[PDB]
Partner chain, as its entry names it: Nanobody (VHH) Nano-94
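Coming up is one lone chain in structure tokens, specifically the form deposited without the partner chain.
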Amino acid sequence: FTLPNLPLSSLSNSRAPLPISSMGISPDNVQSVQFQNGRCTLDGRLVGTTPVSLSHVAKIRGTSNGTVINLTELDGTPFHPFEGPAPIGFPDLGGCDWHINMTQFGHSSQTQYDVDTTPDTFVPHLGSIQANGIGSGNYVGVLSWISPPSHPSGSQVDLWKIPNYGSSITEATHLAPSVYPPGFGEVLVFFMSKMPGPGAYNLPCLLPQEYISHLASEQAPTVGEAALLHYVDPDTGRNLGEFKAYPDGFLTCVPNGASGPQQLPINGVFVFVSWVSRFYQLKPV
């Protein structure tokens, strides 16, 4: 079994096309996460709206009629509600407004599309989102920057959330399931990127995008209960810390105090060591 032999700082976020700047852990008020992008099992199963390629990450495609944008997949093929909470690659950043850069095949210009994901018109699961002034036409959009949510008024930016893909929060939208810290002092490890906008926004994801393409290619025929990893400094070969990767597609470690993986340098490489028990006890970082 392998993970990419590439330093983290050379890789991308899987929730937006941004370089990885650090690893991190969630705030204490966040336990589980339910990201829809950046979801891939260790045997190569893409989950949620996750694409193989970063060229599809945090993008939209659709036709505006001036009132709504009727969404398709990125290549123009139809999207249907049975397929997921939104088309493949659709942004999954909750807790913020989006500003999406819209361009067109065969036309000049770009247009900023401002997206509040809270109103009842934002129903990407049913293939429809408000146009909010975007004129009639077919567009491809990519997430460019974010800002605080328009509703509730005065809300903070909380990128540990996902948007409401349905007409209400009680509508079933085929979300990929939540990911939980597995217990016994283990914390979920996140890969972070700086996101432009009017604040110091840091976007967490569960796996770098290049890990997703690697795993989806590798299609490991063997996956055990948990993969013991070392985070290694490439030049010296020094083991900087033990981590576990779990079959559902996430990494953990046991921090040695509040001052964790966030302290580790970001130019290391995760290396598979061996398959271990689900309850294998890690050495604190």
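Positions refer to the first chain, counted from 1.
Asks: Using none, 1 to 3, 4 to 9 or 10 or more, say how many deposited residues go missing between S259 and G260.
Replies: The entry leaves 1 to 3 residues without coordinates here.
Asks: Between 234-242 and 46-54, name whichever shows the higher mean Cα B factor according to the PDB entry.
Replies: Here the higher of the two C-alpha B-factor means belongs to 234-242.
Asks: Tell me which of 207-215 and 131-139 has the higher mean C-alpha B-factor in the deposited entry.
Replies: Comparing 207-215 with 131-139, the higher mean C-alpha B-factor belongs to 131-139.
Asks: In terms of CA temperature factor as recorded, identify the highest of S147, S109, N202, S168.
Replies: That would be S168, according to the entry.
Asks: Between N70, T41, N29, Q34, which one tops the list for Cα B-factor in this entry?
Replies: Most elevated C-alpha B-factor of the set, per the entry: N29.
Asks: Once the chain's modelled residues are ordered by C-alpha B factor and cut into thirds, is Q156 in the lowest, middle or highest one?
Replies: CA B-factor rank for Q156: middle third.
Asks: According to the PDB entry, is the CA B factor of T77 in the bottom, middle or top third of its chain, that is, lowest, middle or highest?
Replies: Within its chain, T77 is a highest-third residue by C-alpha B-factor, going by the deposited values.
Asks: Considering every modelled residue of the chain and its Cα B-factor in the PDB entry, is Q263 in the lowest, middle or highest third?
Replies: For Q263, whose C-alpha B-factor we compare with every modelled residue in the chain, the answer is the highest third.
Asks: Would you check the entry's CA temperature factor for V223 and let me know if it's in the chain's lowest, middle or highest third?
Replies: For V223, the deposited C-alpha B-factor lands in the highest third.
Asks: So where's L251 on the chain's Cα temperature factor ranking, which third?
Replies: Middle third - that is where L251 ends up once the chain's C-alpha B-factors are sorted.
We do not show the form solved in complex with the partner chain, though everything after this point is about it.
Asks: If the cut-off is 4.5 angstroms on heavy atoms, which of these, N256, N65, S32, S26, is the one near the partner chain in the deposited bound form?
Replies: The residue from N256, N65, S32, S26 that makes the contact is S32.
Asks: Please run the contact check for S178 against the partner chain in the deposited bound form: heavy atoms, 4.5 angstroms, yes or no?
Replies: Taking the distances in the deposited bound form, the answer for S178 is yes, it comes within 4.5 Å of the partner chain.
Asks: With a 4.5 Å heavy atom cut-off, would you call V189 a contact of the partner chain in the deposited bound form?
Replies: Although the partner chain is absent here, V189 would stay clear of it in the deposited bound form, with no heavy atoms inside 4.5 Å.
Asks: With the cut-off set at 4.5 Å between non-hydrogen atoms, does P204 touch the partner chain in the deposited bound form?
Replies: Contact check for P204: no, nothing within 4.5 Å of the partner chain in the deposited bound form.
Asks: Does any heavy atom of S136 come within 4.5 Å of a heavy atom of the partner chain in the deposited bound form?
Replies: Because no heavy atom of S136 falls inside 4.5 Å of the partner chain in the deposited bound form, the answer is no.
Asks: Taking only heavy atoms into account, state which residues of 65-100 are within 4.5 Å of the partner chain in the deposited bound form, ordered by sequence.
Replies: Stretch hits, in order: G94, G95.
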